[PDB]
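K.L.:
First the structure, which I've put down as structure tokens, then a few questions once you've had a look.
Counting neighbours? That spans all protein chains shown, and the Cβs are built from the backbone with ideal geometry, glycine included. Just so it is clear, none of the values below were taken in a lab; they were calculated from the coordinates.
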Amino acid sequence: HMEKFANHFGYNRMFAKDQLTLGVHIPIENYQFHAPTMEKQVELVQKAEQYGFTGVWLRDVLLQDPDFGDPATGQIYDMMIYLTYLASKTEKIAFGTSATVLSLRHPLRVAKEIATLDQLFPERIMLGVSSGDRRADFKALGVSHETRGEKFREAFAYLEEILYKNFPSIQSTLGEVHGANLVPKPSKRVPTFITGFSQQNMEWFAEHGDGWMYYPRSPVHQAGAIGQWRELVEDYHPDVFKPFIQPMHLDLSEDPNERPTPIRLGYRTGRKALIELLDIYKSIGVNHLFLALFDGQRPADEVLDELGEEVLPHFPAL
Amino acid sequence: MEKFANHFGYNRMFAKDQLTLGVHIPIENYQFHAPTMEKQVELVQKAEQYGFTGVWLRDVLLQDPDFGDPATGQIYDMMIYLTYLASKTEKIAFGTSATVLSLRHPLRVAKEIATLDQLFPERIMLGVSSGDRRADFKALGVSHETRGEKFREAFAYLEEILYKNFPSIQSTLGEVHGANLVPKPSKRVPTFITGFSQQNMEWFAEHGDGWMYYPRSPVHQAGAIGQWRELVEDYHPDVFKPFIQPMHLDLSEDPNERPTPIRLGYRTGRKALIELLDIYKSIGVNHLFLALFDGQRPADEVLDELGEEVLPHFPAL
């Protein structure tokens, strides 16, 4: 367990104790209140790669839901399909799901699809998993939202048997396997991160999964949780490192000197204070932080250039 | 009537009384052992160069020893691998043979197909079926016995979620009332019933855009094609719907060698293959896709021979 990802390329480039690495959230577009055009995503993902970003993150959403307040509906395109597309256009940057909804996607399909992605793009796949909250998706798939916490635990256990075992015995409320086997298998373990609380208690995501991803919070607010969580990780698996990940909305000011101002799910700031912010996050124990540029006042292309030229050298790929 | 009048992939592949050729993934003669999956991008690119109009994949989750399929479809997930191969080609159509509607939720099928058509406009053929991998049914908790019922239900849901804005759908599979599917395909997606899918002929004459059946000899296949078309003429007068056929091929070094049977196809030299394909064309086959899994020769060299010598006789439309 201490050596779990010892020779995992994507993992080691992204995560190390006391180090922070930077990622980007699809859509790389400042669409704000309107639907994204989805233009230039390939070029922008390639630039993010050149600049030394270590991860590109997608979301898992089926239906456009007027109740939900997400004009992007994830990124319009199906998560797995679009992840495949963008990964096929780049050489080394990691692609991560934020998050694969285990109560809405059958664990066997998750396993099959992740295993094939890891075969097509070895050691470049990060699996963020959650219990889900797109009410319209639940309703359309005929899955109960109320018992998603139970379904999540059941799905997670099934996902790990079927991904990593040769002809396992699986008796589950989700299905049965006695005599059949998953192919392909991923070449190495796939780093699997619990997203949010996923209706579990902290004990649970200390003991299961390979790390924790939580919502954008101020560093004062986040430090406590990271600390508690790591104490529990230390109880259950002494001397292992498990990384902490979080998203952040950024509205990067034209003026490098503009002061850091809290906005919805992140900060409006100039590059100087952003660097300061990220160093703070790094010190409280954040290991990878990925930037959502959706609400920025400047086009994402210029913001991405400024970040790559001025910010990434302070938080380089490992 | 003019349903696919301006659909690039459909019109390149399909026309009344014409036949085009396609190829089955894995393009490899793996025979009894699991395929290495090597060189698939190269070969699909060559297939495109040569004028094959479509590339086909199967929908299989688990390796099941009792099924007798060393490839387990093509090892990789169909949707993911299709995306990948389509991302490396410019124009050849990709087809599912077949998307199992009793095993994939119609909403996921719609989302994935609509995404694929957005990324690769007019290059996606949706072959659709009620399924036969028992181990998949078990593992997914779906009853095999009732798959025909589920197929009709899923098929209906699929066509409402794909093509209606803010539809109102009540189904045993779930409900849409208020929400909407993004993205949508930019044009209708050609959708084909494969096998009988536990339906009767009248059903797949009235539903879908065409029919794909199993490897039969031309004599054994001709009757079904004519019957089906007659029913198709009953429900939608003057509309053309294509018939699609897979076939296994063991292409002999010797171009003069006459056909002998192999499982699901023929061992044959190219000269007799061309003859055979003309018969298929005359009984009403519009697309035939070749599986090279069991050939004695490696697939690259067979592909070149087909490309250079057989494809000019059955060119892309």
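K.L.:
Over chain A, what is the percentage of antiparallel beta bridges among all DSSP beta bridges, to the nearest 5?
P.N.:
Counting DSSP beta bridges with both partners in chain A, the antiparallel share is about 15 percent.
K.L.:
Going by average Cβ neighbours within 10 Å, how do the peptides A:81-87, B:265-271, A:215-221, A:42-48 rank, with the highest at the top?
P.N.:
Working: A:81-87: 23.7, B:265-271: 19.6, A:215-221: 13.3, A:42-48: 17.9.
Highest mean packing first, the order is A:81-87, B:265-271, A:42-48, A:215-221.
K.L.:
Further, regarding this structure: Which shape class applies to the range B:116-182: rounded if a/c is under 1.5, otherwise prolate when a/b exceeds b/c and oblate if not, where a ≥ b ≥ c are the square roots of the Cα gyration tensor eigenvalues?
P.N.:
Oblate is the answer for the range B:116-182, as a/c is 1.5 or above yet b/c matches or exceeds a/b.
K.L.:
How big is the Cα convex hull of the range A:85-124 in projection, averaged over all directions, in nm²?
P.N.:
Computed as one quarter of the Cα hull surface, the answer is 2.9 nm².
K.L.:
By how many degrees, 0 to 90 and rounded to 10, does the Cα axis of helix A:148-164 deviate from the longest principal axis of chain A?
P.N.:
80 degrees
K.L.:
How large is ³J(HN,Hα), in whole Hz, for each residue of the range B:272-288 in order, when computed from phi with the Karplus curve 6.51 cos²θ - 1.76 cosθ + 1.60 and θ = phi - 60°, using x for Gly and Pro?
P.N.:
5, 4, 3, 4, 4, 4, 5, 5, 3, 4, 6, 7, x, 7, 9, 8, 10
K.L.:
Once both axes come from the Cα atoms, what is the angle between helix B:106-119 and the longest principal axis of chain B, in degrees from 0 to 90, rounded to 10?
P.N.:
Once rounded, one gets 60 degrees.
K.L.:
If you don't mind, there's one more thing I want to ask. Can you tell me which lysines have their Cα less than 26 Å from the Cα of residue A:242? Leave out same-chain residues fewer than eight positions away.
P.N.:
A:4, A:17, A:92, A:112, A:151, A:165, A:185, A:188, A:282
K.L.:
Using alpha-carbon positions, what is the distance between the centroids of the range A:280-318 and the range B:57-92, in Å?
P.N.:
The two parts, judged by their Cα centres, are 37 Å apart.
K.L.:
Report the Rg/Rh value for the range A:203-318, based on alpha-carbon coordinates and the Kirkwood definition of Rh.
P.N.:
Rg divided by Rh gives 1.02.
K.L.:
For the range A:1-85, what log10 I(q)/I(0) values come out of the Debye formula at q = 0.14, 0.23, 0.26, 0.27 1/Å, with one point per alpha carbon and no solvent?
P.N.:
-0.61, -1.14, -1.30, -1.35
K.L.:
Summing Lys, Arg as +1 and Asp, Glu as -1, what charge do residues with Cβ under 14 Å from the Cβ of residue B:201 carry, residue B:201 excluded?
P.N.:
Result for the neighbourhood of residue B:201: -3.
K.L.:
Per-residue Cβ counts within 10 Å, from other chains only, averaged over A:82-91: what number is that?
P.N.:
For this peptide, the per-residue mean of nearby foreign Cβ atoms is 4.
K.L.:
For Cα pairs less than 8 Å apart in space and 6+ apart in sequence, what is the mean separation divided by the residue count of the range A:165-318, i.e. the relative contact order in percent?
P.N.:
Averaging sequence separation for qualifying contacts and normalising by length gives 17 percent for the range A:165-318.
K.L.:
List the GluC sites (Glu not before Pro) in the range A:229-318 that DSSP assigns to loop (not H, G, I, E or B) and whose Cβ has at most 14 other Cβ atoms within 10 Å. Which are they?
P.N.:
When the GluC sites (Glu not before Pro) of the range A:229-318 are filtered for loop state and at most 14 Cβ neighbours within 10 Å, A:254 remain.
K.L.:
Oh, and also: Which angle between 0 and 90 degrees, to the nearest 10, do you get for helix A:219-236 versus the longest principal axis of chain A when only C-alpha atoms count?
P.N.:
So the inclination is approximately 30 degrees.
K.L.:
Hey, another quick one. Within 10 Å of each candidate Cβ there may be at most 12 other Cβ atoms; applying that plus a DSSP loop requirement, which GluC sites (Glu not before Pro) in the range A:79-162 survive?
P.N.:
Within the range A:79-162, the qualifying GluC sites (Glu not before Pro) (loop, at most 12 other Cβ atoms within 10 Å) are A:91, A:146.
K.L.:
Going by the alpha-carbon gyration tensor, a ≥ b ≥ c the square roots of its eigenvalues, is the protein assembly as shown rounded (a/c under 1.5) or, if a/c is not under 1.5, prolate (a/b greater than b/c) versus oblate?
P.N.:
Taking the square roots of the gyration eigenvalues as a ≥ b ≥ c, the protein assembly as shown is prolate.
K.L.:
Let me see the P(r) profile for chain A: every Cα-Cα distance counted, bins of 10 Å, each bin given as a percent of all pairs.
P.N.:
6, 27, 37, 24, 6, 1, 0
K.L.:
Per residue of the protein assembly as shown, what 222 nm ellipticity follows from adding -39500 (n - 2.57) for every DSSP H run with n ≥ 4, rounded to the nearest 500?
P.N.:
One gets -10500 deg cm²/dmol as the mean residue ellipticity at 222 nm.
K.L.:
From the square roots a ≥ b ≥ c of the eigenvalues of the alpha-carbon gyration tensor of the range A:84-208, which class results: rounded (a/c under 1.5), prolate (a/b over b/c), or oblate?
P.N.:
Numbers: a/c = 1.61, a/b = 1.22, b/c = 1.32.
Oblate, since a/c reaches 1.5 and b/c is not below a/b.
K.L.:
To make sure I understand the rule: partners must be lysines, Cα under 22 Å from the Cα of residue B:184, and not fewer than 8 residues away in the same chain. Which ones qualify?
P.N.:
A:40, A:139, B:3, B:91, B:111, B:164
K.L.:
Taking beta carbons within 10 Å but only from partner chains, what does the mean come to for residues B:263-273?
P.N.:
Mean number of neighbouring Cβ atoms from other chains: 0.
K.L.:
Under 5 Å between amide H atoms, partner at least 5 residues away or on a different chain: which partners does residue A:128 have, H built in plane at 1.01 Å?
P.N.:
Sorted by chain and number, the residues that satisfy this are A:97, A:100, A:193.
K.L.:
Separate question: Karplus couplings for the range A:34-42 from phi (6.51 cos²θ - 1.76 cosθ + 1.60, θ = phi - 60°), rounded to Hz, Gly and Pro as x?
P.N.:
10, 5, x, 7, 6, 5, 6, 5, 5
K.L.:
Ok, one more. Whose amide H sits under 5 Å from the amide H of residue B:248, counting only residues 5 or more places off or on another chain, with H placed in the peptide plane?
P.N.:
Counting only residues 5 or more places away or on other chains, the set is B:265, B:266, B:291.
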